[PDB]
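This is query17.cif (mmCIF, N, CA and C atoms).
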data_final
loop_
_atom_site.label_atom_id
_atom_site.label_comp_id
_atom_site.auth_asym_id
_atom_site.auth_seq_id
_atom_site.Cartn_x
_atom_site.Cartn_y
_atom_site.Cartn_z
N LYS N 1 162.81 -141.68 318.03
CA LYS N 1 162.09 -142.00 319.29
C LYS N 1 161.24 -140.79 319.80
N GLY N 2 160.41 -140.99 320.85
CA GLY N 2 159.55 -139.93 321.42
C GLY N 2 158.29 -139.59 320.58
N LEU N 3 157.37 -140.55 320.39
CA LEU N 3 156.12 -140.35 319.61
C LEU N 3 154.89 -140.28 320.56
N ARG N 4 154.83 -139.19 321.35
CA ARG N 4 153.71 -138.92 322.29
C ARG N 4 153.39 -137.40 322.24
N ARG N 5 152.53 -137.01 321.28
CA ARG N 5 152.07 -135.60 321.12
C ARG N 5 150.51 -135.59 320.99
N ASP N 6 149.82 -136.03 322.06
CA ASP N 6 148.34 -136.11 322.17
C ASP N 6 147.92 -136.41 323.64
N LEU N 7 148.44 -137.51 324.24
CA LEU N 7 148.17 -137.90 325.65
C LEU N 7 148.80 -136.92 326.69
N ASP N 8 150.09 -136.58 326.54
CA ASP N 8 150.81 -135.62 327.42
C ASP N 8 150.31 -134.14 327.25
N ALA N 9 150.23 -133.62 326.00
CA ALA N 9 149.73 -132.25 325.68
C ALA N 9 150.64 -131.10 326.24
N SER N 10 151.93 -131.02 325.81
CA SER N 10 152.86 -129.95 326.23
C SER N 10 152.78 -128.77 325.21
N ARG N 11 151.95 -127.77 325.56
CA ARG N 11 151.75 -126.51 324.76
C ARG N 11 151.98 -125.33 325.73
N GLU N 12 151.15 -125.21 326.80
CA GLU N 12 151.30 -124.16 327.85
C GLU N 12 152.71 -124.28 328.54
N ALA N 13 153.17 -125.53 328.80
CA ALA N 13 154.50 -125.85 329.38
C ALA N 13 155.67 -125.36 328.46
N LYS N 14 155.55 -125.55 327.12
CA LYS N 14 156.54 -125.09 326.11
C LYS N 14 156.58 -123.54 325.94
N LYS N 15 155.43 -122.85 325.98
CA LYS N 15 155.36 -121.37 325.89
C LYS N 15 156.04 -120.62 327.10
N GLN N 16 156.27 -121.30 328.25
CA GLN N 16 156.95 -120.72 329.44
C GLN N 16 158.50 -120.82 329.31
N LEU N 17 159.04 -122.00 328.95
CA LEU N 17 160.51 -122.22 328.73
C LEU N 17 161.04 -121.31 327.56
N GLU N 18 160.35 -121.32 326.40
CA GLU N 18 160.68 -120.48 325.22
C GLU N 18 160.60 -118.94 325.50
N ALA N 19 159.63 -118.44 326.32
CA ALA N 19 159.55 -116.99 326.66
C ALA N 19 160.81 -116.43 327.40
N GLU N 20 161.43 -117.23 328.29
CA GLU N 20 162.67 -116.87 329.03
C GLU N 20 163.92 -116.84 328.10
N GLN N 21 164.15 -117.87 327.24
CA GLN N 21 165.29 -117.90 326.27
C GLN N 21 165.26 -116.74 325.22
N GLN N 22 164.07 -116.47 324.63
CA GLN N 22 163.86 -115.36 323.64
C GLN N 22 164.06 -113.95 324.25
N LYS N 23 163.58 -113.69 325.48
CA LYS N 23 163.76 -112.39 326.18
C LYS N 23 165.25 -112.13 326.55
N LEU N 24 165.98 -113.15 327.05
CA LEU N 24 167.42 -113.03 327.37
C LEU N 24 168.29 -112.80 326.07
N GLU N 25 167.80 -113.15 324.85
CA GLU N 25 168.53 -112.92 323.57
C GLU N 25 168.44 -111.41 323.18
N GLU N 26 167.22 -110.81 323.22
CA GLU N 26 167.00 -109.37 322.94
C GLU N 26 167.78 -108.45 323.95
N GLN N 27 167.81 -108.81 325.25
CA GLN N 27 168.54 -108.07 326.31
C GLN N 27 170.10 -108.15 326.16
N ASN N 28 170.68 -109.32 325.83
CA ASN N 28 172.15 -109.47 325.62
C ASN N 28 172.67 -108.78 324.31
N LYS N 29 171.94 -108.92 323.18
CA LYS N 29 172.29 -108.28 321.88
C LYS N 29 172.13 -106.73 321.80
N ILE N 30 171.30 -106.08 322.65
CA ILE N 30 171.07 -104.60 322.66
C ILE N 30 170.33 -104.16 321.33
N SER N 31 169.21 -104.84 320.96
CA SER N 31 168.40 -104.55 319.73
C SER N 31 169.27 -104.55 318.43
N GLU N 32 169.75 -105.76 318.04
CA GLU N 32 170.61 -105.96 316.83
C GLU N 32 171.95 -105.13 316.84
N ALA N 33 172.60 -104.99 318.03
CA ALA N 33 173.87 -104.23 318.22
C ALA N 33 173.73 -102.72 317.85
N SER N 34 173.10 -101.94 318.75
CA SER N 34 172.88 -100.48 318.55
C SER N 34 173.90 -99.60 319.33
N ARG N 35 175.19 -99.63 318.93
CA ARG N 35 176.26 -98.81 319.56
C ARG N 35 176.17 -97.32 319.18
N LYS N 36 176.45 -97.00 317.90
CA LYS N 36 176.42 -95.63 317.36
C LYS N 36 174.96 -95.12 317.13
N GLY N 37 174.22 -95.67 316.14
CA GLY N 37 172.83 -95.25 315.85
C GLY N 37 172.49 -95.35 314.35
N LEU N 38 172.89 -94.32 313.58
CA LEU N 38 172.67 -94.22 312.13
C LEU N 38 174.13 -94.14 311.59
N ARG N 39 174.78 -95.28 311.25
CA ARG N 39 176.17 -95.28 310.73
C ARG N 39 176.25 -96.28 309.54
N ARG N 40 177.24 -97.17 309.62
CA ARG N 40 177.53 -98.22 308.60
C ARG N 40 176.76 -99.55 308.84
N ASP N 41 177.02 -100.23 309.97
CA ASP N 41 176.37 -101.52 310.33
C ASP N 41 174.82 -101.43 310.53
N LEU N 42 174.31 -100.46 311.32
CA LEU N 42 172.84 -100.27 311.53
C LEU N 42 172.08 -99.89 310.22
N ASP N 43 172.54 -98.85 309.50
CA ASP N 43 171.94 -98.42 308.21
C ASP N 43 172.79 -99.00 307.02
N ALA N 44 172.82 -100.35 306.85
CA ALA N 44 173.58 -101.01 305.75
C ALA N 44 172.70 -101.19 304.49
N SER N 45 171.74 -102.13 304.52
CA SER N 45 170.82 -102.42 303.40
C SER N 45 169.38 -102.34 303.99
N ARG N 46 168.67 -103.46 303.87
CA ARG N 46 167.30 -103.68 304.35
C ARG N 46 167.41 -105.00 305.18
N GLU N 47 167.93 -104.97 306.44
CA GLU N 47 168.08 -106.19 307.30
C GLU N 47 169.09 -107.22 306.65
N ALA N 48 170.30 -106.79 306.19
CA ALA N 48 171.33 -107.70 305.53
C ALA N 48 170.72 -108.34 304.23
N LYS N 49 170.12 -107.52 303.33
CA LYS N 49 169.49 -107.98 302.05
C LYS N 49 168.29 -108.97 302.32
N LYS N 50 167.36 -108.61 303.24
CA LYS N 50 166.17 -109.45 303.60
C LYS N 50 164.84 -108.73 303.27
N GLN N 51 164.48 -107.63 303.96
CA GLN N 51 163.22 -106.86 303.66
C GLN N 51 163.36 -105.85 302.45
N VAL N 52 163.83 -106.36 301.29
CA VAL N 52 164.04 -105.58 300.04
C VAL N 52 162.78 -105.55 299.11
N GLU N 53 161.59 -105.15 299.64
CA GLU N 53 160.33 -105.05 298.85
C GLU N 53 160.31 -103.75 297.99
N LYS N 54 160.24 -102.56 298.63
CA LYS N 54 160.26 -101.24 297.93
C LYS N 54 161.65 -100.83 297.33
N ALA N 55 162.77 -101.12 298.02
CA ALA N 55 164.13 -100.78 297.55
C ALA N 55 164.67 -101.83 296.55
#
Translate this structure into structure tokens?
Amino acid sequence: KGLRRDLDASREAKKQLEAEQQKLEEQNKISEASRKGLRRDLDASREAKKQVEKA
């Protein structure tokens, strides 16, 4: 159900709701859990085996 994506046009309305949820995620997590700094969890691989281009 819900096939109306032309007459209503919710684009500017969607960019306001999504901006509040995404900002509250970065503030609660503390930049991917940064307790110590350069230890085991922060300096593990390349983003949990993700950005492994050069390594």
Expressed in Å to a single decimal, how great is the separation between atom C of residue 18 (chain N) and atom C of residue 48 (chain N)?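 So the answer is 25.8 Å.
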What is the distance, in Å and to one decimal place, between atom C of residue 9 (chain N) and atom N of residue 21 (chain N)? 18.9 Å
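The residues of chain N that DSSP assigns to alpha helix (DSSP H) on this backbone come out as residues 12, 13, 14, 15, 16, 17, 18, 19, 20, 21, 22, 23, 24, 25, 26, 27, 28, 29, 30, 31, 32 and 33 of chain N.
Of note, atom C of residue 32 (chain N) and atom N of residue 49 (chain N) are spaced 13.8 Å apart.
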